[PDB]
Amino acid sequence: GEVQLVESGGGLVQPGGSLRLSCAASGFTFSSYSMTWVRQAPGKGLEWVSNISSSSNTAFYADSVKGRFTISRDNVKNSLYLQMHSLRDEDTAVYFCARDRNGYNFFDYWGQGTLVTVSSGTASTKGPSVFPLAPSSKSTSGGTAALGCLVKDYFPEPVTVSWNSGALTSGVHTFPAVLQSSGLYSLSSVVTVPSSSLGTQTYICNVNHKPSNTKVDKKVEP
Amino acid sequence: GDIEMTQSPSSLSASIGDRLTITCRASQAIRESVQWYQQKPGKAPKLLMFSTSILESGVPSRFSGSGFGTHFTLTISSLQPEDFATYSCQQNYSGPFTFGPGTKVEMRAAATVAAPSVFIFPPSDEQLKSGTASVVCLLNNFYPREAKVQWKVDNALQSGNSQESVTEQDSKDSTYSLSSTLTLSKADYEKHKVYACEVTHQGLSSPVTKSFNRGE
Ligand SMILES: *[C@@H]1O[C@H](CO)[C@@H](O[C@@H]2O[C@H](CO)[C@@H](O[C@@H]3O[C@H](CO[C@H]4O[C@H](CO[C@H]5O[C@H](CO)[C@@H](O)[C@H](O)[C@@H]5O)[C@@H](O)[C@H](O)[C@@H]4O)[C@@H](O)[C@H](O)[C@@H]3O)[C@H](O)[C@H]2NC(C)=O)[C@H](O)[C@H]1NC(C)=O
Ligand SMILES: *[C@@H]1O[C@H](CO)[C@@H](O[C@@H]2O[C@H](CO)[C@@H](O[C@@H]3O[C@H](CO)[C@@H](O)[C@H](O)[C@@H]3O)[C@H](O)[C@H]2NC(C)=O)[C@H](O)[C@H]1NC(C)=O
Numbered sequence: 000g001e002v003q004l005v006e007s008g009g010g011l012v013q014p015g016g017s018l019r020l021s022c023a024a025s026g027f028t029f030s031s032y033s034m035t036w037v038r039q040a041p042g043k044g045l046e047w048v049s050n051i052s053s054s055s056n057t058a059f060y061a062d063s064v065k066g067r068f069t070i071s072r073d074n075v076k077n078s079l080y081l082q083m084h085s086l087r088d089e090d091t092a093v094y095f096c097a098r099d100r101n102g103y104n105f106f107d108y109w110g111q112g113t114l115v116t117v118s119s120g121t122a123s124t125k126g127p128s129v130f131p132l133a134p135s136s137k138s139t140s141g142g143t144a145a146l147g148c149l150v151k152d153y154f155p156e157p158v159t160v161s162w163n164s165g166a167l168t169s170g171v172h173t174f175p176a177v178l179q180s181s182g183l184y185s186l187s188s189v190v191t192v193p194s195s196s197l198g199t200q201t202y203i204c205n206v207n208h209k210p211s212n213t214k215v216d217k218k219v220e221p
Numbered sequence: 000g001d002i003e004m005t006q007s008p009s010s011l012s013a014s015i016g017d018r019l020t021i022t023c024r025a026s027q028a029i030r031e032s033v034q035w036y037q038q039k040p041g042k043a044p045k046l047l048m049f050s051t052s053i054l055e056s057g058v059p060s061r062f063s064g065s066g067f068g069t070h071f072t073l074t075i076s077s078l079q080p081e082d083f084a085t086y087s088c089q090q091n092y093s094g095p096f097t098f099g100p101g102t103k104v105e106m107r108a109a110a111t112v113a114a115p116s117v118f119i120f121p122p123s124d125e126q127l128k129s130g131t132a133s134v135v136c137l138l139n140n141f142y143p144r145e146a147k148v149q150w151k152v153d154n155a156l157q158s159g160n161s162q163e164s165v166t167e168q169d170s171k172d173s174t175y176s177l178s179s180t181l182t183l184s185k186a187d188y189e190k191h192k193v194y195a196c197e198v199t200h201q202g203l204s205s206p207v208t209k210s211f212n213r214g215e
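So the protein lines, in turn, are chains H and L. Just so we're aligned, residue 0 is where the first sequence starts under the entry's author numbering, counting upward by one. Just so we're aligned, residue 0 is where the second sequence starts under the entry's author numbering, counting upward by one.
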């Protein structure tokens with residue numbers, strides 16, 4: 000197995016609330032490495048949050064989170080955890096699990112991160128509706144056809160989109176989310192494919208909105 | 000008491016094949032205790048370089064680092080398309096192990112003018128059943144970035160009922176794509192026939208219109 004770190008747990012939380020993040024480690028003997036949580040807040044650079052020794056015998060915290068956050072690990076199930084309490088506006092961030100290379104407090108393997116959104120605003124967690132953008136005579140030119148998926152009315156961020164479980168990447172454009180007047184986000188993802196292909200190939204957009212546990216696989220037909 | 004890491008500039012444009020130099024300053028002397036990370040949107044941060052100058056395994060040799068004390072430098076000898084990214088330094092010397100704010104390397108595209116391919120998508124039947132109609136206009140793979148979309152419904156210019164988004168610049172051909180969505184209630188959608196996306200762009204001698212007639 001290849002080295003992989005996969006964070007999960009991020010979503011919407013009210014100020015003063017609690018949230019637990021998890022990080023699943025594989026492809027290396029987890030119990031031999033110290034582990035860190037690092038975050039990136041809007042308008043800020045990366046920020047070290049906490050670390051834990053390989054044996055879990057020591058744990059340290061950034062001043063801003065001390066007494067609110069607890070790091071821990073499960074050296075048998077190969078998981079790293081971050082328990083957050085009394086969450087604040089400034090804790091909104093992408094949270095990364097990262098492996099300490101040699102114990103020198105720099106990190107050679109990171110996950111893609113999980114996004115924590117602290118909000119006192121009115122919008123509540125909502126999974127998206129996924130609608131096809133069907134290829135037609137109005138979306139074809141020069142022997143190629145555009146098709147896609149419209150991912151409408153979700154909150155908080157993020158949505159990810161793959162095509163054909165990640166086997167279709169060429170010619171994909173997944174657009175940044177837009178904020179609607181409702182306070183909900185929308186995005187679209189499109190792909191350009193051969194016009195000749197539409198009779199035999201299957202195009203499925205795989206939509207993941209982890210904050211609402213929403214997972215949709217929408218087949219897009221002509 | 001915390002060591003502050005700073006970076007300059009916060010962004011820069013550079014062309015493929017050029018030599019790139021970005022710098023990182025520590026508010027206190029930290030010998031050679033500096034790392035460089037590469038960040039791309041949605042992707043895991045990647046260790047490039049540690050102890051100022053040691054390349055991480057698998058990092059291309061066009062990357063090198065130098066410095067000592069409070070001044071450090073990341074150099075790319077010949078910038079490649081995959082190198083457009085944000086680069087952050089980090090000290091492992093003391094206390095809170097702190098990162099610079101990041102420097103974003105962007106394209107200085109000397110690219111040919113390319114008009115967008117313009118496509119239009121009526122609302123799906125499933126959406127219409129739920130009482131809402133979103134019409135999508137797609138402008139694909141154009142350069143330069145400036146592009147104007149106007150929505151027209153039975154030739155009446157729309158305002159306030161659309162949103163748009165542009166992709167990150169493509170590192171391999173400098174182009175952009177743009178998605179615009181016009182959203183109406185189903186009742187309003189059914190009061191009209193011609194739905195049109197009108198596009199202005201440097202690559203076009205006059206605005207191009209892409210349209211459909213509702214339910215045809
Ligand atoms: C911040 O991070 C720096 C590293 O960037 C930490 O500095 C290290 O501190 C440790 C303390 O445990 C030193 O460990 C000692 O190393 C002795 C051997 O040193 C020699 O070998 C090292 C390893 O060489 C191999 O790997 C390098 C890649 O790193 C290759 O370039 C080589 O070719 C080899 O393949 C060399 O790096 C080093 O320069 C020497 O040549 C060992 O015998 C001792 O018993 C002890 O383990 C380590 O030397 C320091 N490394 C550096 C580069 O300074 C620092 O502690 C960190 N600070 C904090 C707070 O975490
Ligand atoms: C996890 O976080 C803690 C907190 O920053 C790190 O502890 C720090 O570890 C370094 C190096 O092991 C210590 O540096 C040493 O300090 C003494 C001064 O007491 C100095 O004489 C030594 O030469 C060396 O510089 C540092 O003191 C220590 N900080 C604390 C508060 O204990 C730890 O390294 C991080 N990583 C891991 C894997 O635990």
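Virtual Cβ for every residue (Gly too), placed ideally from N, Cα, C.
query, result
"Okay, do the stretch 17-29 of chain L and the stretch 65-81 of chain L touch, 3+ Cβ pairs below 8 angstroms being the bar?", "yes"
"Report all residues from its chain with a CB closer than 7 angstroms to the CB of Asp1/L; omit the five preceding and five following residues, and keep chain order.", "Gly94, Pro95, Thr97"
"Would you mind giving the Cβ-Cβ distance between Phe118/L and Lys209/L, rounded to the nearest angstrom? I have them listed as a contact below 8 angstroms.", "7 angstroms"
"Note down, in chain order, every chain L residue with its Cβ under 9 angstroms from the Cβ of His84/H.", "None at all; the shortest Cβ gap to chain L is about 21 angstroms."
"Please report the straight-line C-alpha distance between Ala84/L and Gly64/L, rounded to a whole angstrom.", "17 angstroms"
"Going by DSSP, what residue range makes up the beta strand (DSSP E) through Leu186/H?", "184-193"
"Please give me, in chain order, every unbroken run of the alpha helix (DSSP H) with length at least 4 that falls completely inside the stretch 109-163 of chain H.", "none"
"Note down the Cα distance separating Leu178/H from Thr28/H, rounded to an integer number of angstroms.", "42 angstroms"
"Give the single residue among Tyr194/L, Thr74/L, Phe141/L, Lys171/L whose Cα lies nearest to the Cα of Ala155/L.", "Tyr194/L"
"Can you tell me whether DSSP reads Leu86/H as helix, strand or coil?", "coil"
"Enumerate in chain order the residues of its own chain whose CB-to-CB distance from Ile70/H is below 6 angstroms, with the five nearest sequence positions on each side excluded.", "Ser49, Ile51, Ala58, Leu81"
"By the three-class DSSP mapping on this structure, what secondary structure does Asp124/L have?", "helix"
"Three-state secondary structure (DSSP) at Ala186/L?", "helix"
"Is the beta carbon of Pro95/L within less than 8 angstroms of some heavy atom of ligand 2?", "yes"
"Measuring only between beta-carbons, confirm whether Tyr103/H sits less than 9 angstroms from chain L.", "yes"
"Under a CB-based cut-off of 9 angstroms, is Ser10/L close to chain H?", "no"
"With burial defined as no fewer than 16 other Cβ atoms inside 10 Å of the residue's Cβ, what is the status of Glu6/H: buried or exposed?", "buried"
"Please give the ranges of any beta strand (DSSP E) in the stretch 19-65 of chain L, keeping only runs that are unbroken, at least 3 residues long and fully inside the region.", "19-25, 33-38, 45-49"
"For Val129/H, which residues from the same chain have a beta carbon less than 6 angstroms from its beta carbon, with the 5 sequence-adjacent residues on both sides left out?", "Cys148, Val150, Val206, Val215, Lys217"
"Among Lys171/L, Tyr86/L, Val112/L, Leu19/L, whose alpha-carbon lies nearest the alpha-carbon of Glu145/L?", "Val112/L"
"In whole angstroms, what separates the C-alpha of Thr159/H from that of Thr91/H?", "19 angstroms"
"How far does the beta strand (DSSP E) with residue 230/H in it extend, from its first residue to its last?", "What the structure shows of chain H is the stretch from 0 to 221, and residue 230/H is not part of that stretch, so it cannot be assessed."
"Can you name, in chain order, every residue of its own chain whose Cβ lies under 7 angstroms from the Cβ of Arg87/H, other than the five neighbours on each side?", "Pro14, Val117"
"Just to check my reading of the structure: residue 251/H and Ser164/L have Cβ atoms closer than 8 angstroms, yes? What is that Cβ distance to the nearest angstrom?", "As shown, chain H starts at 0 and ends at 221. That puts residue 251/H outside it, with no answer to give."
"Let me see if you follow: with CB-CB separation under 9 angstroms, is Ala24/H close to chain L or not?", "no"
"By alpha-carbon positions, which one of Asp153/L, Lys39/L, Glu125/L, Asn139/L ends up nearest to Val104/L?", "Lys39/L"
"Does DSSP put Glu81/L in a helix, in a strand, or in coil?", "helix"
"Along the chain, where does the beta strand (DSSP E) containing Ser196/H start, and where does it finish?", "Where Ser196/H is concerned, there is no enclosing beta strand (DSSP E), given that its DSSP letter is neither H nor E."
"Please compile the residues from chain H whose C-beta is within a distance smaller than 7 angstroms of the C-beta of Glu55/L.", "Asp107"
"Would a check of beta-carbon distances place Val64/H closer than 9 angstroms to chain L?", "no"
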